[PDB]
């Protein structure tokens, strides 16, 4: 079977480069997701029911403790129970890399076009589960009107965003966290 590998970090602020040059899209407080789609030579392909299952694990699992600073007692919470948290998704296929002698081999990584399709589908499902108005956002989940985009510098509030990297691009990143509390799940 095919594995969806994710690395999940507690995000306070993020900036992700989307055009390989100098255009960054922004997220506030929530979760930064690194994702890779992995495969055996003889593994069956990832269906929609399996992709949606993986989104459910991402959203339904109580993982992070930083969403609700106003809470008297902090417990792990799901993204689902905190609908306003932002999600920033970065394709990181290199998560499937393994050491081979003194180099790295990427034989577990799905082919480019398969990964592009799964990545696109996965970002769509997350947008839908977070109630994103897909007619008001661009390919990276940022506003279609540049005048609605968050300010370029200085702290911004979360706003139920689902921001995603441009597949196949260099994922230039600025990331701020009060404590990443990094999780790694194979799904």
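Residue numbers count along the first chain shown, from 1.
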Open item on the list: Can you tell me whether 67-75 has a higher mean C-alpha B factor than 89-97 in this record, or the other way round?
Closed with: 67-75
TODO: Going by the average Cα B-factor in the PDB entry, point out whether 45-53 or 139-147 comes out higher.
DONE: 45-53
Task: Candidate residues 21, 10, 173, 163, the one whose C-alpha B factor the record puts highest - done: 21
TODO: Please pick out which of 59, 152, 27, 35 has the largest Cα B-factor as recorded in the entry.
DONE: 152
Open item on the list: Quick check on the deposited entry: does the C-alpha B-factor of residue 116 sit in the lowest, middle or highest third of its chain?
Closed with: lowest
Task: CA B-factor ranking of residue 82, expressed as a third of its chain - done: highest
